[PDB]
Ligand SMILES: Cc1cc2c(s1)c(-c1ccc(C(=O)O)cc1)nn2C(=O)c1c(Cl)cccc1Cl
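Only one chain is shown below, in structure tokens, and it's the form solved without the ligand.
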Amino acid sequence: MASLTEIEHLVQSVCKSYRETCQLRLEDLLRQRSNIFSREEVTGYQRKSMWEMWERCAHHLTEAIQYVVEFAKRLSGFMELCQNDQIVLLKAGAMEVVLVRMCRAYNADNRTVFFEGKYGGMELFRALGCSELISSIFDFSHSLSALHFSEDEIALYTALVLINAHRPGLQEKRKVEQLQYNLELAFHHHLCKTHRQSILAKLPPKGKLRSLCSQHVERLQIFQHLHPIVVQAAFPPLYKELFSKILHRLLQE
């Protein structure tokens, strides 16, 4: 059950939802590639206190996750699913969706990312005190950039990152399995029709996204043990909910 014309309709529906929930447009990000942070500006970021850079980054991650919630709410089938399943899917997939979406603002020619109005390399995030996590994020982006994704490909791949029937805690597993299968078909059909099936082999292993997320959660536990009042007083509520309700409020609109 689901004919070719229904699969093609799902492709365009997913692409539209992705376009409408993008933080910034792709052309805006490309037109800013020459706006790079100077050595002085880079030094200023490195000289910020660890707690200040953590709070700035947790706020940026929170803002980006808010767009993933909107993308999920526009995805066919997501709002039909029970509240427990919606939250399980968003808690496990939101960081992963943001990590994949970040490749649009990543310039492989100089290994820089769009951050606070300009492009900057890994060295910009030195005050965080997590070089191994920063390296992993930059390597993941570099390896995604080698695939040269079109916007339609990121829309379909990120819908699949989110709609995963294997996430622990799902009460209606089969209902998510059908949704995932329809999106798998829509993604593969789009790759077939556009002569892009060669990327399937070169996509990152599902364990790579899982490793980046566990590194993020473990480094946050290190930060919170040393600065518990900072996390309580200045970290965004949605960020503590997901990584340390708000999600219920966002899902009811």
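Sequential numbering from 1, following the sequence displayed. We call the rigid core whatever largest set of C-alpha positions still superposes within 1.5 Å between the two forms.
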- Item | Positional deviation of Cα atoms in 7 other deposited structures of this protein after core superposition, greater for 181-189 or 204-212 | 204-212
- Per the record, how many residues of the deposited chain fall between residue 12 and residue 13 without being modelled: none, 1 to 3, 4 to 9, or 10 or more? none
- Task: Would you tell me which stretch averages the higher CA B-factor in the PDB entry, 63-71 or 40-48?
- Result: 40-48
- Item | Residue range whose averaged C-alpha B-factor is higher in the record, 72-80 or 89-97 | 72-80
- Would you mind checking which of 216, 56, 31, 188 has the top Cα temperature factor in the PDB entry? 31
- Query: For residue 220, does the deposited CA B-factor place it in the lowest, middle or highest third of the chain?
  - Reply: middle
- Item | Third of the chain, ranked by Cα B-factor, where residue 107 sits | middle
- Task: Looking at the entry's B-factor column for C-alpha atoms only, identify whether residue 172 ranks in the lowest, middle or highest third of its chain.
- Result: highest
- Item | residue 18, C-alpha B-factor rank within chain (lowest, middle or highest third) | middle
- Task: Would you mind checking where the Cα B-factor of residue 158 ranks among the modelled residues of its chain, as the lowest, middle or highest third?
- Result: lowest
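From this point on, the text means the form deposited with the ligand bound, which you will not see here.
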- Site for the ligand on the shown form, pose borrowed in the entry with it bound via C-alpha superposition, classified at 2.4 angstroms from backbone or C-beta (3+ atoms blocks) as blocked
- Message: Since the partner isn't included here, can you check whether the ligand sits close to all of 95, 220 and 224 in the entry with it bound (heavy atom within 4.5 Å for each)?
- Response: yes
- May I ask you to state whether residue 90 is within 4.5 Å of the ligand in the entry with it bound, using heavy atom distances? yes
- Contact between residue 58 and the ligand in the entry with it bound at 4.5 Å, heavy atoms? yes
- Task: Indicate whether the ligand has at least one heavy atom within 4.5 Å of a heavy atom of residue 186 in the entry with it bound.
- Result: no
- Message: Under a 4.5 Å heavy atom criterion, is residue 242 part of the interface with the ligand in the entry with it bound?
- Response: yes
- For 40-71: residues with a non-hydrogen atom within 4.5 angstroms of the ligand in the entry with it bound? 54, 58, 61, 62, 65, 66
